[PDB]
Structures are given as C-alpha cells and as structure tokens.
Amino acid sequence: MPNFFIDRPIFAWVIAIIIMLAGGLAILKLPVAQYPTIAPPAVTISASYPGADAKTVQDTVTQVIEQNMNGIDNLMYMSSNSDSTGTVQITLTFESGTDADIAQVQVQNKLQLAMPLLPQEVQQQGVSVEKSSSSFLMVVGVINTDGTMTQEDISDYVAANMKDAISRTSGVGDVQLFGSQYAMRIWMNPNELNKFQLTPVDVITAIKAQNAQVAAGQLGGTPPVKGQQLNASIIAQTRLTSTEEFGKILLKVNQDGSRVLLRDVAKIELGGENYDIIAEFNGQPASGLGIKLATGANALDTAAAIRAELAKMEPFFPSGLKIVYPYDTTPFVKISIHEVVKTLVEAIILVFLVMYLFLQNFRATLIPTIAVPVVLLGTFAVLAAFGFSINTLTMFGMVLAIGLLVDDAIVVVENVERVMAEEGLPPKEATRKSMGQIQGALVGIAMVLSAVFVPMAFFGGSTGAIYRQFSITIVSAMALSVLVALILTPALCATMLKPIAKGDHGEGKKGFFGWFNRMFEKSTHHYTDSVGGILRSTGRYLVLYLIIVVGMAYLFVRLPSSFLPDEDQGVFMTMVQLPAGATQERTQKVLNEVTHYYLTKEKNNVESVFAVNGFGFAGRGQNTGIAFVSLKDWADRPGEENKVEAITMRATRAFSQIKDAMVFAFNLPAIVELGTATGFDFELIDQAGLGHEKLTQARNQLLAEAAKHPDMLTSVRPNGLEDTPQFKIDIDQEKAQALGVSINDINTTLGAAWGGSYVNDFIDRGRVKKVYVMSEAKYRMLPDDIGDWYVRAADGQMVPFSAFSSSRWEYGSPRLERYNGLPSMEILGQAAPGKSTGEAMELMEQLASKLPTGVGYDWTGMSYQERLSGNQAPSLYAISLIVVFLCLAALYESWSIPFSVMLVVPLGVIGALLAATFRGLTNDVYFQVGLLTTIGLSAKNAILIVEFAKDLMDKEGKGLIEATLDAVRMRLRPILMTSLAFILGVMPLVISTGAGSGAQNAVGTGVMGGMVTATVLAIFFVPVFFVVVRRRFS
Amino acid sequence: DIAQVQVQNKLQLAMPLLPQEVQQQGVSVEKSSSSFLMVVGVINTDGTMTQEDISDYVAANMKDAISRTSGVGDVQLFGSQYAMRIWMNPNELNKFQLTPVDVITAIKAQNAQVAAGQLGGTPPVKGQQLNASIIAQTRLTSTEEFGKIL
Amino acid sequence: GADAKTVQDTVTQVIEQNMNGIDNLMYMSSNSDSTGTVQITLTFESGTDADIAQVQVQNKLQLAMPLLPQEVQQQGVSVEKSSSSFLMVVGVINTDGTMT
Amino acid sequence: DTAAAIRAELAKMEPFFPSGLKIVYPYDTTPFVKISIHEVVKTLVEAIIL
Amino acid sequence: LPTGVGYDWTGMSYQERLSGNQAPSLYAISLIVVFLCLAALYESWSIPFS
Ligand SMILES: O[C@H](COc1ccc(Cl)c(Cl)c1)CN1CCC(Nc2nccc(C(F)(F)F)n2)CC1
C-alpha cells in the first residue's frame, strides 16, 4: 500500500487535502465546552407550599409525588428533601446513556397525573420539572449604586426587560432568574381588622371577587338575527393594574356609609414574591441571571453573544444600574483551550527543531510538519463525526496523542534517511525499501495501540464517560497517524527528499553540526558496546528487572488516588451556617463580616463578593448563606500565595475566629456537575417505619461508631439539619365549636397571617403578576403576637386565639430527607489518609450492619458509581493484554517473541510513578491516561527494535547477538529523537503554574518521567528481553 | 415511549372534564404486556397475620419499590393497602340527627394538616432574633384519634 | 372571553419566553385572537425528529404552564405536531334535502 | 433482566420483613426460559462431541 | 420604512432565500470535489485544470 502511493504522490496529496478540509469544517462546526456530559442525567421536581413546615410538605406533597413516580425507565435512584421553607425538591437520577428529554417528559407526565392529589395551594404555585444535571455557563448580576432601587426593583426590571433578550440570544440553552418579579402585597393590620370586625378570609374573598376576568360574549354573535349588520366582542371586568385600584377594594360599608376599603385594614404595595433570599454585590442590592448553554453550542461564542446583548442593553438602563459578572468561568476555559493549542503548536515546532538537529536536512524536517497537522485535523473531523466536542478532556487527549503522532512521522522519515545514507539509494527506492521494512510493524503497532486504548471506553458511569473522551480522541489520532504514515509520509519522502551518499554520516561537517554528528557516532558506538557487554550477563539485568518491577508495585500501592486536579478558576465559595433558629439579620451580619474581610484583607486578589443570604448549600433557611468570591485575573495574582488554595486556607483560618457562625471557604470541584468526589455518600434508610426520632438515634449511634475509628474514617458527618424548636398551637375543636367559630376560618386566618396566602393574579405593565396577602411584619414576629389576632364567630363577635387554643414549644426537623421513597439521612465521609475509599465503604457497611432493627443503608452519589465501576479495570486490562499478545504473535509469527515486547511496561510505569511521587501528585485520570500513552510509546519502540532484529535474523543470516546489536544500533537515533521532542514538548506542562496548572501538571509530570525512564531503560532492556526469550524458546 | 407521550398528551385534555372522584383516585397511563411477567406472592408461615395485613405490608413496603424497577410496566396488587375505614351506623346517625355529609365534613375539618407560617418570618422586623416554624393541626395517625372526632 | 392584548400578555408572551432553548429551531410564530385563543407554531430545521421536537416543546411548556390563568388549565394547553395545509376536504351533502 | 432486578429488590427488602413473612413465586415462566436455553446449549456441545 | 421596523421571510420565502444563499457554496464545493477526484484518478494537476 505504501508502494501504491509512492508511485502516486498526487493521489496521496488529494487524500491529505480531503482530510484537512474535513478537519477544518469540523473545527468550524465543532461545539466547544469546558467539559462534556459526565454526570448521569437527573431530573428535579420542585414544588412550594408557602407557610408550611417540613413535615407538612413531606406528608402532603413529597410522599404523594414519590408514590406516583412509577413506570419511568432507566431510573438509577430517587432522593427528596422537604424544607421548613415550604419547598420540596425531588431528584430522580437515571442511568448513564439515558435520553434526558425522554426521562424528563416521563417524570412530568407522571406528575401531571399525580397533580390532582396535591393541595390546591401547591397546584396554584406550580410544580416545575427541570434537568438538574447541567450547570450555569454564566451568572450575570445587576446592581444599583444610587440606592434608589432595592433587590425587588432590580429583580423585576431584570424579569421585564433583560430576561427575554438573553433567552433569545443564540446558544443560550436556559435562562433562570435569581429572584422574582413584582407582586402585589397586602400587609394586614390585625388591630384594624378587629376594629372593623373583619378577618383575613374577608380580605381574600374581596380580592378574589374584585380582581378577575369575565367572559362576556359578542354583540351580533352567531346564531344571528336575520339582518344583523354589526358584530363586535364585548369587554367586561378586567384585572386590576395598580396599587391604587387594589386600595379601593371594598370589604364592608358602615351603617353610616363610610366605606371600609381594603387600604383601611392593610397596606398595599408592590414587593417581592418571596423575601427568603437577599442578594448583595459588594454590599449593594443585586439580582442575578443564571445562563446555561444549549446543546451543541459553542461556549465561547455564547458568552460573547451574551456580553454583546448586555452591552446593547446598557445604554437603555435606568440610571444607576450596572451589569457585573460575579461568577464567570469562561475566561478560565478560554485560557485552558488556548494553552492546549499553544502546547500543540510548540510540539510541532520542537519536532521540527529536533528533526533538523539530528538529520540536518530542511526538506526532511518539512515532512513531519506536513504529516502531524493533517492527522490532527483528521482527528478533529473524526470527533465531529462521533458527536464529540472540543473540551478539556478531548484537548488533553490530543496533547497526549501528539507524542504518538510525532513518533509515527519520525520513524518513517528517519528510516528513509538512514536507508539513503547507508545504501546510497535515491529517495524513491530508499523510501520503498524503508516502507517494506516498517509497514508490517506500523500495522501491528496500530492494532496494539488500539488494544491498549479502546478498553477505556468501556468503563461504567461518570468515569466511563471521562475515560471514553480520551479513548476516542487518542484512538482516532493513532488510527489517522498510521493511515498517514502508510499513505502520505512515504509519498512526501519519495517526492521531497534529495539524494544522500552511500556513506555520509555527516561527520565531515564544519561546526556545531559536525561536532554533534561525531559525538553521535561516538555515543552510538559506546551504546552498542555497552549493550553487547550486557548481553553476556543477562541474569544480572534480569534480576535488576525484577527489582524494577518490585519498586513499581511499591510505588503504585503507596501512591494516592484522585479524580481530577483542583483548578484555580478565579472563583471560590464561602458557606456561612448560623446556629439553629437564627434570623436573616444575624446571617446578614456574618455575611457582611465575610465581605469586609475579603474586600479589605484580600483586596489585592478579590475583586467582588456576591453574598447570598438565605440560601446555602445543603440548606435553605434564614440561618444559612453563601458568598461567591471572584478573584482578579491570574496575571494580577503572581505567586503561590495568591492562588485559590492559599486564599481559601487563609480565609478559613481567619473566619475560624468568628463566633455564632461556622464560615468555611472552599474551591470549586473540577467538574461542578458531579460535585465533589472526595469521599463517600451514605444513606441510612428507615425500612420498618421506625420514625424520625428512632432514625436520628440510629444515625447518632453510627456517627459515634465511625468516630471510634479515626485511622480508617475521617470527618464522617451528617449532610442534614438537626431538630430545632417549633411553636406548636393546639386548637381545641370543642371550644371552637362551642364559641361558634369554624376550624376552617381559624386555620385560614392563622395561615394567611403568619405564612401568607396567594390569592390571584393582576396585570402590571402588561405582565401577569401574583397577589399575596400576609400579616404586616410587626404583628407576626413573636408568640405573644398570636394574641393580637381575632376570628369572627357565627354570632358576629370577634374571639381571640387564646380563647380556643393553647400553645407550647416542641422539637421538629427543619429538613426531612427521603431516599427511594423511604425516610433517610445522608452521611458524608471520607477514607483516612493512606486508606482506599473501598475499604472505608466496607468499614461503613460493617458498622451499619450493627444498627438497630429496621434500619437499612444504601450507597448514593459517587459511591454508587464506585460500586458500579469497582471491578472493571482488572478485567478490561486483562482483555487488553490478551489482545495485545495475540496481535504481537500475529505480527511476529511466534508465540514467544511477543513476551520480549510485553516485558517493557514496567520500564515506563516506574518512571511515571517516580515523577508523580516526587512532585506530590496523585493517581488521577490524567496520570492514568499519560501512563497508557507512555506504555504505548515504549511498546512501539520495543516492537520496532524486535521487528528489526527478527528481520535481520530471518531475511539475512545474522545470528542472535549480531542481529540484536545491529537492530539496536539502527533504532537508537529514532528513539532518542522522538523522546527528546516529546519531553521538550511536555516540559511547559510540567513547569506550568498559571491558569489550568492542575491538569497541565498532572498530564505533564507523569508523561515526562515515564518517557525518560522508558527511553533510558528500554534501549538496553529490550535487547536483553529479546535475547533471553529467543534462547529460552528455540 | 413516544406512543405513551402522545396518548397522555391527548389524555390531559380530557382530564379536566373527568369527575373529581376519578381524578382523585388517580388515572394511570402505562405501556406493558397484557400478561403477567411473574407473580411474587407473600405468605406468613407463622399464621399471625391475616390477608389484610399481608396485603397492606406488600402495598406499603414492597409495591412502590417494584413499580420503580426498570422494565416493570405494571404491578397489580392481589389485595389492598390499609386505609382508615369509617363504617357508619344509620341508626346511630339518625339518633343524633346526623348524616354522612356531616361525617365527611367533620373528617375533612378535624383530619387535616395546615401550613401555619413561621415566627419571625421574612420580611422580618429589624432586630428580630428568633425564627421558628409554627406547627398546627396535623393529620391523625390512629383509630383512637379518628374515633375522637367531634 | 379575553381580549387579544390581554391574552397575548398573560399567555402568549409567557409561553414564548421559555421556547427559545429548543434544539434545531428555525423560527417561531404566534397569533393571539380576541376569542382568547393563542396559537404558537415552532418551525424546526429540516431533518429534525418531529417526535423529539414535540417532547422538547412539552418540556419547555410545562415550566410556563403554572403561570397561565386557571381557565387555561381548565380548557388545557395542547402541544402537537402541525401542518399548515389540508391534504383533502371531504364534504357531505344531502341530495334529498331532508337535512339542514 | 427485569426478573433479576425484581429479585434483587426483593432481596434488599427481605432482611427487614416481620417475623414469619415469606416470599413465594406461585407463577414464573422464567425458569422454563433458562432451562430451555440451557438444553439447547447442551445439545450444541453434545453435537460438537459427536 | 421608519426606524425600528425590520423585515423577515418565512415559509416558501425562507426556503427560497436559503437556497439562493447556499447555491454558490454548493457550486464551489462541487467544482473542488470534481477537481480533486480528477487529480486523484489521473495523477496530475494539469488534466484536472484543463
Ligand atoms: O444554583 C442556583 C444559583 O446559585 C448561584 C447563585 C449565584 C451565583 Cl454567583 C452562583 Cl455561581 C450560583 C441556586 N439558586 C440559589 C438561589 C436562587 N434564588 C435566588 N433568589 C433571590 C436572589 C438570589 C441571588 F442571591 F442569587 F441573587 N437567588 C435560585 C437557585
């Protein structure tokens, strides 16, 4: 096949042009995102039941929905939580590879069938089903500096003016508003209501009656009278549109005729739908917009379009309003992608430089410069054909495969040049001979590398997807590299190279090139002499190989395991947790302290703090909060102390002094969608209907038992809230009946006053908005205020709550959790240093096995994936080894020679492990993929050496030792000039300390160490293996 | 999947027109075979439980989990889950001048769980230090509680 | 029994807000009538799977579904694949003349 | 696969059953499927031997 | 027309505009493909040009 294209250079050029055009089209059309879809598809059902506690929401909402979640396909599991804020959130996690749209529609349809079973208030608020597996591309904050506007005003302006245009922007998959529109608010005064002998029920009824839309017909509508000439539509009562109209709503008229309008007993004002969450941006009122990218959309282009649309908005904004970007990771993504592209380009340049240094022929150096970009473009085209996208994993896969591509080009070009220099043949016949020598080896190497890299794609779950990214990328790059080396590279060698003499090795050259040449023949002679001396004492080097293997096992077992390096993305989060029962003001004070610290002590690094009072992770209440701290540009933060890790450690140390609050600063997970992968997630399930208290006791016992094992488990804590005091009101039905007051009226008055009620809608500036009736804050603060509220009995006399009710304080859960439809409690933990997560989970299972009767357990989150993919690696790599052995036996036509090639893996693995250990890195995904790349390249070198030696023994009459020595002499130069090029290409990643330095270092350090040791050891261990194997079996 | 999606898309138009009792009993749309894949029976080898108890246990502790298993298209319970059964005596109702309407109204009023709001709820007053959930009438959980309805 | 402007603001805009995130969408049209009817048509690119497009439109619509007035829910919001032309018209007459 | 998943779920449930409760399988066509497939495979092996 | 009043095409007109817009690209790509195929088959850059 190489001979076909050697005689047809134009056909090979046409093939290369086609590949380049396809790659360019793919680059133009390929989506770009930081990461692909890694986490399993998940669908979240969210409902709100205003004024309701956790138990009320769970009993009336959560349990019904969970009982009606049946018949949905590919559901891995289902969890739910009901808060004291009145919010239920149910996450259904489906198996990987499930169509998210189909799962989402099935979940919606089962909820639509369950909807009639829910409270009317829950139905009125609406139950929303979303896909929660995705994260936010961007978060655009809107702030007011003049102080004229508040959070509600800014949120309403964003909803009315900004949301639509952002949604219409190209590539904007989803837009969610951090806040709510305006809503009419009826702040009831209990004393005024008692004075006029009214109750909140009357206000609700009047508002419903006097704010509605009525269908009214048409003048002349059909069936029509015989000569009708005019047809028109009749307009009747329409919804109110202003606070003034609501003010005049009439609730009663006095005997005298003075009118008891609505404003008499309440304050009418436009406010927020919910006041639970307060937002500030550097201590200024703010609202937000979270923007999620669409499918197949370019993240960079989408961010640019969003910014352009916001700039278009800017001139029309009300004076004093400003756009800010509290959370913008797109710059980090851009820098990472640009750094990878720069790495690839510099790799090509280093290949050119090394090729010129060794061969000292410009036309020879041109050939790899044409070959490698063609393979890269073909790889892009193949990725587009498979539906992949340009992301961090794919780009680093290309970076890793660059070494294989460089080796493929260098082998062909150097072999052709060596044949020309030795036999003196002209370029065409020299190329023919070289390809006749190396083509079978190249095909066998293609098969071997396919066997090595394909199995990654068959891991299960999130790790399966992460490894499949690299697997597809590298396998496609390798296949295109081999195809190019068989099609185009020989044609380029035959057409571009110029004749070289039968004996010229360059030693006649005058300056640095001549010195380097002569030094190189001297070094090659010394290397051949050393190898020959080695082959006479093979036993010592066999025991040395055993020592190397033992050291490899030691380093592997003693190396920690990780998932993905933590990156300095320019943003981190501080979570604030106040004691139970804390109010919004105390959390606001703590958040103000945190913001002041960040903007004063860390003023050089931090540019903005987005404080969110009322919402924090693993909670939703007044006693929780979260601040999203954004750092200045990496170029403005030079040093190791000005990075996210150091900043977070300093902030945590400073905040540990804060009293009456737990404040903890931390960096983002590498993949926020998967969240943390640090430890284990454990679910303790109530299986026998024990109750909340018994489950709490079981959880406490398990936590104590885990704490009694410091050396195996660390920071085993509950991922939930503890029980808190609650105000219980016991309404005596007998007393209420005796005094002539209905229980329904009492409950309605209490709920409307102290929790608020949603009555109906109105039209504000041509937008439908909600109407809420609630007590004024002054009269719904303390238990004593219960005495300020009166209910009208059937007799028309107002009776107090104390007359027909009593009060006390009890304990209740502010957040109730369920797993797979049963009550549960979530425990988060992690293995102690030096302990694997598997044995930590085994110990947790052993501890849980001793818990009281009726208490079960389950694994969720990352633990579920770990259980799924626990045993895949050994079997997959056993299959890989078997297939590699079979391919090598096919290549060499021998059942024993393949062992000489396969004995080379430890040579690179040991160096990779040593490099990782010395730099204090972990066994993460990047390290493993780099390990596979190093193993593949070392196997390539060994395969070529053994092929040359065997061909020398068979086609010629040379003996074992002579053939091996000649083979190593022939293969020394390509090995060295590939290792040097790849090592120098990866050095920038090794020494990188800027943005994205985590993944860069993880990819670079292991690769560099593995290449160094693979080269150095293999160049004189492979001949030993070949000689020993040939002697043993022959 | 698409067939079920379209069928229930059309069914959602009829749902508002169906009687409230039908909606409250739960309308189901399913895609499954006409024949049972299998039958998982449950007995008691000690003889302590009756048919009602076994059926309630299967409905409450095993039915939902099986229904959520992938590949399960339908689950038919050979029994029924427990429920609070009020067996009315017409003679007693007439003696006290009562009607099943009155019984239903009393059950609805005195067996309910109401959202009662919060102490120190947002918007709060300045200087508010306490925030708590107000608990009120809760659903009854025993036959004794139901028998005490006035 | 709703005006064209009122139904457009209360219904048409609300629905149209959440329909901009659907895949393979070429363009969108909508008409609001004084009879209270709202008709929105989303035209997708050629070769798009119609069933998947309809499923995605349902998924986006259910988000805005609660925001519509209770009367809209009572009558119901329908999402279905549509065509703008009649394949044929089948008329029925009474030759005798005994049926109006 | 569905039968295997159902049996796995029942195994999860079983440890928490009340005293005396027992699961039985009064109707299951799956064992016939397994035995039939096994018999055909056995026939193939015996055919190779013959 | 006054400022703020734009226009667009729909239905048949959208398809007609798209076809007219993408015709020249189609011609160029087809010519390039034929040229490359001729060069590949006849092993020359002169025969495809002629
Ligand atoms: O995951 C979502 C977004 O969380 C964030 C938020 C900010 C950043 Cl910068 C980032 Cl990165 C992430 C969670 N989210 C929390 C509250 C929000 N509801 C709200 N309501 C009123 C005001 C606000 C606030 F504070 F965001 F303006 N939010 C709705 C759901």
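Labels below follow one simple rule: chain letters A, B, ... track the order of the sequence lines, proteins then strands, and each chain is numbered from 1. Start at 1 and go down the list; that is how both ligands and their atoms are numbered. For the numbers below, each heavy atom of this structure counts, side chains included, while hydrogens, waters and symmetry mates do not.
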Report, one line per pair, each donor and acceptor closer than 3.5 Å where one atom sits in a side chain of residues 141-162 of chain A; sequence neighbours left out.
from     : atom 1 : to       : atom 2 : distance (Å)
A:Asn144 : OD1    : A:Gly147 : N      : 3.1
A:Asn144 : OD1    : A:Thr148 : N      : 3.2
A:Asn144 : OD1    : A:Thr148 : OG1    : 3.4
A:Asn144 : OD1    : A:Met149 : N      : 3.2
A:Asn144 : ND2    : A:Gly320 : O      : 3.0
A:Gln151 : NE2    : A:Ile277 : O      : 3.3
A:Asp153 : OD1    : A:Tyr182 : OH     : 2.2
A:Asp153 : OD2    : A:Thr150 : N      : 3.4
A:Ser155 : OG     : A:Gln151 : O      : 2.8
A:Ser155 : OG     : A:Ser287 : OG     : 3.2
A:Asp156 : OD1    : A:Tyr182 : N      : 2.9
A:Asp156 : OD2    : A:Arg765 : NH2    : 2.7

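Contact atoms of ligand 1 toward A:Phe136: 1 (O), 2 (C), 3 (C) (distance under 4.0 Å to a heavy atom of the residue). Using a 4.0 Å cut-off to heavy atoms of A:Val139, the atoms of ligand 1 that qualify are 9 (Cl). In the vicinity of A:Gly179, heavy-atom distances shorter than 4.0 Å reach the ligand 1 atoms 19 (C), 20 (N), 21 (C). The ligand atoms of ligand 1 that sit less than 4.0 angstrom from a heavy atom of A:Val612 are 25 (F). The distance from ligand 1 to the heavy atoms of A:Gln151 drops below 4.0 Å at these ligand atoms: 21 (C), 22 (C).
Taking all heavy atoms of A:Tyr327, A:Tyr325, A:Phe617 into account, the minimum distance to atom 11 (Cl) of ligand 1 is reached by A:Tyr327.
Both the sub-6.0 Å distance and the 45° axial angle are not jointly satisfied by A:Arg185 relative to the ring of A:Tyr275.
Between the side chains of A:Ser128 and A:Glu130, at least one donor-acceptor pair of N or O atoms lies under 3.5 Å.
Atom 29 (C) of ligand 1 has A:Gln176 NE2, 4.1 Å as its closest protein atom, hydrogens excluded (heavy atom only). Given atom 27 (F) of ligand 1, the protein heavy atom at minimum distance is A:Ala279 CB, 3.1 Å.
The stretch residues 626-635 of chain A participates, sequence neighbours left out, in these side chain to side chain donor-acceptor pair (under 3.5 Å) pairs: A:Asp568-A:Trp634.
A 4.5 Å side-chain heavy-atom check between A:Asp174 and C:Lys60 finds at least one atom pair inside the cut-off. Side-chain contact check for A:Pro40 versus A:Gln865: some heavy-atom pair is nearer than 4.5 Å.
Salt bridge annotation for A:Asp660-A:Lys589: absent, with no cationic side-chain nitrogen under 4.0 angstrom from a carboxylate oxygen.
In A:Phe178, the parts holding a heavy atom less than 4.0 Å from any atom of ligand 1 are both the side chain and the backbone.
The presence of a protein heavy atom under 4.0 Å from atom 7 (C) of ligand 1 is confirmed.
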